[PDB]
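In: PDB entry and its sequence, pasted below:
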2 protein chains.
Amino acid sequence: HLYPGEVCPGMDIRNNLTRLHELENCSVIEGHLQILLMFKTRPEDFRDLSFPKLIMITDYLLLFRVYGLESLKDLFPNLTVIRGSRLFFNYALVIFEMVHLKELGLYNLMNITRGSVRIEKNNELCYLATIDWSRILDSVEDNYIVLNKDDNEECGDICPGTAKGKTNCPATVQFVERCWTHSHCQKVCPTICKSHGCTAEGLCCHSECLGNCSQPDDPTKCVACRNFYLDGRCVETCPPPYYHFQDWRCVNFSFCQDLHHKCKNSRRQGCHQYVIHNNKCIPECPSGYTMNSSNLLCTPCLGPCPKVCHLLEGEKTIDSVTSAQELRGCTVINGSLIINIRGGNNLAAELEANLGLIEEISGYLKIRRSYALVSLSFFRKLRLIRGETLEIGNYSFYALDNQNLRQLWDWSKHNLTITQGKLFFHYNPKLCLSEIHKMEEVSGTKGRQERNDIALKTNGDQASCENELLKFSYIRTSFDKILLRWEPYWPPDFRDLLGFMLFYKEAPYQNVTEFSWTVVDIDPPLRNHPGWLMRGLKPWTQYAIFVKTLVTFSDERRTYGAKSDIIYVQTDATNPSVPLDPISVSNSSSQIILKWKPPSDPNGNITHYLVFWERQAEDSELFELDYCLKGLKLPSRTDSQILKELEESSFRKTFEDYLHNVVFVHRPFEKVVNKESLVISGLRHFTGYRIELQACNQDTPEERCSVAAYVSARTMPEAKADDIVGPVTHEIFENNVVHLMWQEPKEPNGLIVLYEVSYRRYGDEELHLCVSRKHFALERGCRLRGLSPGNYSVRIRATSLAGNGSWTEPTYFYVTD
Amino acid sequence: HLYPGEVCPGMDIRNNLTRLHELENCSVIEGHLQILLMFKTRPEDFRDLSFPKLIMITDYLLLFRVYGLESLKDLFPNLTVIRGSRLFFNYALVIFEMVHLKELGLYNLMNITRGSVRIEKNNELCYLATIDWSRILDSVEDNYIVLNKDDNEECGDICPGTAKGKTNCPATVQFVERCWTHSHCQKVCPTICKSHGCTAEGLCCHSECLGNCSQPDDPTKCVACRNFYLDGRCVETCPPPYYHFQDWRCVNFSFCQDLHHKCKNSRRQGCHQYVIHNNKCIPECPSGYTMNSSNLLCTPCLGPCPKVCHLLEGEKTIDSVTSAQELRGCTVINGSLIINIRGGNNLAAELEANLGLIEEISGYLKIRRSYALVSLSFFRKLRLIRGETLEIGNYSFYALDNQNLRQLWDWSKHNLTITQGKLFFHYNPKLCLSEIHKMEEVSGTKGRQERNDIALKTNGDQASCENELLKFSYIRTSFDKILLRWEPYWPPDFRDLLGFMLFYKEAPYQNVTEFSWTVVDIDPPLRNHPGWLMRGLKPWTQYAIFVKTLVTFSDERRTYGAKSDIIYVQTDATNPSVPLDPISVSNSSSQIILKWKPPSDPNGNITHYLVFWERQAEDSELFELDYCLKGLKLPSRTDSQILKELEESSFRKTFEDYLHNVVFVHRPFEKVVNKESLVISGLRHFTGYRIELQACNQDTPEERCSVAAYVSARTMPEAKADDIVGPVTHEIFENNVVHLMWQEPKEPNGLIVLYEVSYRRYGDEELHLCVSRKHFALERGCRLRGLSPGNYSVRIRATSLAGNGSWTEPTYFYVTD
């Protein structure tokens, strides 16, 4: 009971109202309701149309360009709740371009479980601002209501009550009215119940009811079930032996089994092979599980487990990787496959990932005009071709007009078989007959092929199918060049040899398979080991080299020629480049940190670095030239943007190039090992130092390595070393000739630039005086003259390259009056 | 005189000082002086080295990593001016990474004509901040002086004068000294002369001297010539019969002629074929001119005129378009050409532009492993191959291992000949023997080719060389589909036919040459005109279709098969899409402008538009429902961003798709022709209008076209139409029953929502009152009661949907007391 009708799967009404009355009985839609493209329909047609039994909708509702529809108050008078199991572009209710629509009329919808509402292009619709979307939908932030008649202030939304003081329903927030139509207005239950709903008297329903109820506190009287529906009784969870189905109703095993039976054979278009798992009738077994036909339980399959991908009409054409995406993970293909890859990028890897798990093809495989393919290696696991379905002429393998196809599979490792039909190969220039004969002997189709089945004049013609072997004889290397030699091969008829080809490329690893190369041709020898010499190689790199002959195509038995094996050759090393960014920082009196970067061109492995730091004496003129005479200086020793960027970069690159073809051949030094930083200790304070830096790779056997990079730094001085020590003695010979004998700061910051002497009469002003190095040396101190007799005090300060010093303690001294 | 030595071309000193003394005599360098990579050099080596005669340098000066060089005061003691004719990376003086360098010493350089100075990485160089670059170089804004010993305050730059009051040279701007070394300091001439210079006494030189002079006002005593040098006499312009040479000196015809004689044969590396033009010995004739061997004048050559491009060692390999750029504009190639184009983009057009002007190849042409080439059409003007140089085997044309080569040239239009040697073709799958035989008959090489010269088994095998013709029999079109038929062709042996191929592509123009396509295969008929039906076409487009047979390669005489001619087929038209963005704007009482855009899918040519505008009556409830009762409303009728953008775009695209496969079949209207805008006239003021808009393409023969797009608008009202007209009459029946008989605004803005009446006692307050439509209709005016007797005035205002009106004139009226 609880539903007079059945459940109707969602449909797509279009272009005729005769399909709309299919809902004459059913009350719940376990699909989506879409009504669109209704042009000839007139408003008089909707006057006598209603679906009062429709209550529950699972997925969503869509309306688009339905002429003659004025309001839904009659179409869906009892639509209670939209479950929103599957959303339409993240929308559970879409109303788009609904001309002639005046008002919604959905006054019986209270709950929308998922999604938002998108109403747009409704130039006639009114009654939108009078809707409490907060009470209807839990999360209203995803709404979209624009370009309507209520966008501009034009809708006179009037709902019952105003003639009697605005009764029959309340307002909410500014306090604004909420109403659905001109006759029916929105109903809001008390907040004391979240979503169970309330009756007319306001009494709340049972916790299991959703939206509406008939008798308060009765799970058997709900109209909608919050969790699951069961024989007219809402329940939180379906007890055994019932399984939750479609997220809203509970079913027995028999129904799911019958649906699966329908889906096997008698359900072609998009049926779901329902299997029971985790007490849920899921449409399909999830990842890492398999379906067992006995009872349809998603048992965890061990390892790769079958995923049969039945093809539509038994034929699929793979043009690009996107078409292969739909086939991803399919191990067995129940049909025939066609490959027509004309172009793309980085193929044979994504294709291998998507299709490598294929293990069987029921029908036939056909490779046709696949220009970008180079090999069929991407069919990693392909083992057997059933070939139950055969093309015209009873063909199982069809290869045609492949330009770059060079091999099918490695037949020293791979196994394959074909049951029915015969092979076919035409217009495959780069595929020799050797693989075709491997197919006749391996696939067991030797007795099946007949005349004209395999083209003997268009397949093995332009291909490279050398069978003999070539051995390198003399190999020597160098820092730049490489000389190569091999045994002189001659075909049975010497006139049929055109020359050799040499291939080489950068080989960082050893995973080179020859499937991007530099080709160099070599003339035949004059009937003397033929060879070639390289010239443009980069030092200390591994190279992959192999030589292939080139023989003309005589009409007689093919002289297949010889191609050597792939070998790896490593170039020698040379002296590295200059280390980059040498920066020196002083943080102590004798500790200077040094930072740098590895050279841009190591040209080998950098075994050790080399740092030379030498003490630099101070400048000569700082000694014999005065710095306090009139006129001096304190020796305080401490697209245009893109175009200019390219110009500067090219200038720097030009100088780097100049540094790269130079053609190479008692100071305290330390060899840094595997470290890019170095500190120094035991240095004189505040002294200029010249730092020469080198990078090196070879140490013991006649060591030779890079050229030097220079940088300089000065250590931090000592604030104490410049202080004056010793009593300041005074002596006058005849007439106030003040001689000042006092010790010099024999440990200064570099040197003593000048002295300053200041003296002051008691209660009088102090007068200062300079003392130069030359004057101090010649006088062995300072000489003062023209001073009035009395008692004075002397303040002496010393200056160095660091800066001004500290005045000594004022030793007051009295000259006779 | 004026120069004891000759002029030395600029060189590149490197790795040994033995090349430096080559300047023992010459005094002017008409080149560039670069000294770099001097490692083993010691400072003692520079002690006894000087070049006092060097005065004038034309291009620039470069120093880089010259160990042992302390200062240039001895190297270049008389370098007066650097002309800077050709700059090094926009720098006329580069000093980079000069270790051991202390000071510049260039105290005799005054003028730098062009470029700036770049001094960088000089951790020892000082005397930089004491340089007046403004006086030296005219434009100093391009200087670059960083990362030196003067960047940090570490150089005590001291220059003579301080011991004697800073004399012997002045300062300039803060006022700062300018000096070159510790012994020689910069000399600045008085501003009264711009650049002619001054002597020791300050007297200015002649206007033609540059930098320095010996006797003031003497053009014959200058050291450098401002404009041009001539036999020790500076001159503004060289008079005839002398021509300006190298921008600084004048020469006779004999010298330029001898230089050209040296250049033609006995000058291999980079000589300039000097020709006299416009009184200048230019290195080469400019664009649009030619060289005549009689007198070497750049006469204007008529039309394409020869530009012979002699090749280095007679062999050039073209790998990419960049390699072809160097050959651009060359009409005759004196050498041999090799083509090895392996890849690229949009080839055969840029290559044709760069190389299409070639008219002759002296040596041989060789196309080898050119995988990306499709035809030799880019050799537009190639006519004759001289073939004086032949490879091994005496070959002139060498084509080898070309995968996509399909034709050489069209031999109904092109002409070609080859003098010496024989042809060669091997491993050209897509080139049939027909063109090779065309070559044997056209080039005149039929008698030269011998056995094994042309491969008969590896050229015309995989190619498409159909010779017969196919004629279409039945062709009919549709709006979407196309059905095609042709005459049933059968080869001589019916078993050798595999099927037909059909090609079609979008064909906007008719310049289709079949050289991007969609291929569809067709099975042979059952021995009944074979044909195909199309399904995925876009309406109203022109299609290029041609059918090519596919016949197996029998061992007997080739059944070449038949390919039809390229034909152009145009699909039918259908009803267009909806017009985009319909916007309506009101700017008058009856004028409303309308704007829109053409439909996105015209599906033909839009002959005319269709606009339907209908008057909409006002809402019904506005009449019978009061709007002034207690409780009312004034009817004031007026990466997540990327993901959401893609979601919205896909939603719109889904609805457009829904609109695209609909499968199609008395109002005042007007057909707009070839106009996207429309205005309307003669409309009631402030009335709702519904506008239905359509696009159309077919008019007379059973017209049918797009579906409607809707939009609505309202006209602007009249501020006068709402005014009240007519006297306001009053009458009291028994007891102050004030009846107000006055005319209604029978022409309102939509309708009269309500009236308001206000009356006031003399010197007292005014009280207002509403009047509803129903009350006004039933009372035929207003009724007033409960009013004290006396003299009053009435103010009446009318309201409409536009808004509040204007109160009428207060007509004071007296009721009996």
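Out: Right, received. Where do you want to start? Numbers count the residues shown, from 1 in each chain, chains lettered A, B, ... in the order given.

In: what's the burial count for the residue of the stretch 1-150 of chain A found nearest chain B?
Out: For the stretch 1-150 of chain A and chain B, the shortest gap (CB to the nearest CB) falls at residue A:89, measuring 4.7 Å. From N, CA and C alone the C-beta is placed, and that goes for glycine too. Using other CB atoms under 10 Å in any protein chain shown, residue A:89 is surrounded by 15 other residues.

In: Next, the nearest residue to it once chain neighbours are set aside: secondary structure please.
Out: What sits nearest to residue A:89 in space, not counting adjacent residues and going by CB to CB, 6 or more residues apart in numbering or on different chains, is residue B:651, at 4.7 Å. Using DSSP: H, G, I helix; E, B strand; the rest coil, the structure places residue B:651 in helix.

In: quick one: residue A:569 from residue A:344, how far?
Out: Using CB to CB, to the nearest Å, residue A:569 is found at 34 Å from residue A:344.

In: Neighbour count for those two, which is higher?
Out: The neighbour comparison of residue A:569 against residue A:344 (other CB under 10 Å) goes to residue A:569, with 18 against 15.

In: who's in contact with the more buried one?
Out: By CB atoms under 8 Å, 6 or more residues apart in numbering or on different chains, the residues touching residue A:569 are A:475, A:477, A:482, A:542, A:543, A:544, A:545.

In: Going by neighbour count, which of the residues you listed are buried?
Out: The neighbour count (16 or more other CB atoms under 10 Å in any protein chain shown) marks A:477, A:482, A:543, A:544, A:545 as buried among the contacts of residue A:569.

In: gap between the two ends of stretch A:550-564?
Out: 13 Å (CA to CA, to the nearest Å).

In: Pull out the buried positions in that stretch.
Out: Residues A:550, A:551, A:552, A:553, A:554, A:559, A:560, A:561, A:562, A:563, A:564 are the ones in stretch A:550-564 that count as buried (16+ other CB under 10 Å).

In: ok, and what's touching it?
Out: The contact list for stretch A:550-564 (CB under 8 Å, 6+ apart) reads A:461, A:464-472, A:486, A:489, A:491-493, A:496-501, A:521, A:546-549, B:426, B:452, B:455, B:457-458.

In: Mind doing that once more with 7 Å?
Out: Here stretch A:550-564 makes contact (CB atoms under 7 Å, 6 or more residues apart in numbering or on different chains) with A:465-472, A:486, A:489, A:491-492, A:496-501, A:546-549, B:426, B:452, B:455, B:457-458.

In: Could you list the domains of chain A?
Out: Domains of chain A are assigned by automatic domain parsing as A:1-188, A:252-299, A:314-442, A:472-570, A:580-714, A:729-815.

In: Those residues of the stretch 451-600 of chain A touching chain B, which are they?
Out: Neighbours of chain B within the stretch 451-600 of chain A, by CB under 7 Å from any CB of the partner chain: A:452, A:455, A:457, A:458, A:461, A:462, A:519, A:523, A:552, A:553, A:555.

In: Closest to residue A:309 out of the residues you listed?
Out: Taking CB to CB as the measure, residue A:309 lies nearest residue A:455 of these, at 33.0 Å.
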